[PDB]
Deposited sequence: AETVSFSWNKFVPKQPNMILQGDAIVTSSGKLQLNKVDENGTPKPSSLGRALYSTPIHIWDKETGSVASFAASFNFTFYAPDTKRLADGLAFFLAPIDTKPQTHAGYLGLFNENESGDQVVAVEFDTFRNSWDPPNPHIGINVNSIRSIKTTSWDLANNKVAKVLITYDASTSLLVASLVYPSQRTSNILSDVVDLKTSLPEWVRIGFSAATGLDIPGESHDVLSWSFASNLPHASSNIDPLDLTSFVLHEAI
């Protein structure tokens, strides 16, 4: 089997194994700051991508990879009543570039069909296509999630996320936990990677502040990822990676 994995308890400035786009920068304090601040600046868009391409599925053997990703993130909203727009974990073509900001989370464009992009969003603003209240959603080539669930978020608190994909069942699972609040949310749905993503892809984060309002800033504090493409043990990744 073909496998890859990595784990960081923090980020380091100028680290050559990461690609930054938009307003994203890593602070000296080891934080991946996706949006500009001075309080969030409106219309800010930043994305970060793990430099090395991941082999998601193979056209020959036809086998698809299973993977797991976890990270700690937080947002700061100067006004918890006017939140916007959100954060997303995504997989996309190797040459992926930033797209439309605000409600499109920098992954899609209005009037166009999305590229081969798959993502798990943490949406804070209700756009026309959205359900009411902040939510977690699974996006498959569209900003219009195929499924969502309410997200009990907390301003300034660290959220711990775990995203897992089981190739055997094609099931994608996303769970979010707030240790300090002992609160938790989970979502799951089947996704077919063979028809929604190219064989090789890059993974990363994308976040956007309000279009005309500060909304909230987004910071990723740590990141862990493991993938196994067959010719798995998640308990070892949640306790290991």
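If you line the structure up with the deposited chain, the stretches without a C-alpha atom are 39-41, 235-241, 252-253.
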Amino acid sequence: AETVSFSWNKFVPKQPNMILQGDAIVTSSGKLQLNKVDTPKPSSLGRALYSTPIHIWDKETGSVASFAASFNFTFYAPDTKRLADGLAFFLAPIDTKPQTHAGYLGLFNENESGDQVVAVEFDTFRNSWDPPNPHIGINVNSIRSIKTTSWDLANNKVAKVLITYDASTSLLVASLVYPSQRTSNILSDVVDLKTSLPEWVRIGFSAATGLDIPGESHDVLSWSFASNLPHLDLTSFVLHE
From here on, numbers count along this sequence of modelled residues.
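Throughout, rigid core stands for the largest set of C-alpha atoms superposing within 1.5 Å between the two forms.
Here the rigid core sets the fit, and in 5 other deposited structures of this protein the C-alphas of 103-111 stray farther than those of the other stretch, out of 103-111 and 165-173. According to the PDB record, 100-108 carries the higher mean C-alpha B-factor of the two stretches 100-108 and 158-166. Set 209-217 against 196-204 and average the Cα temperature factors; 209-217 ends up higher. Taking only the listed residues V37, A65, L49, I186, the entry reports the highest CA temperature factor at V37.
When the CA B factors of the chain's modelled residues are split into thirds, the value for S70 lands in the lowest one. Ranked within its chain, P131 lands in the middle third, by CA B factor from the PDB record. Compared with the other modelled residues of the chain, the Cα B-factor recorded for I19 ranks in the middle third. Compared with the other modelled residues of the chain, the Cα B-factor recorded for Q33 ranks in the middle third. Sort the chain's modelled residues by C-alpha temperature factor and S44 lands in the middle third, per the entry.
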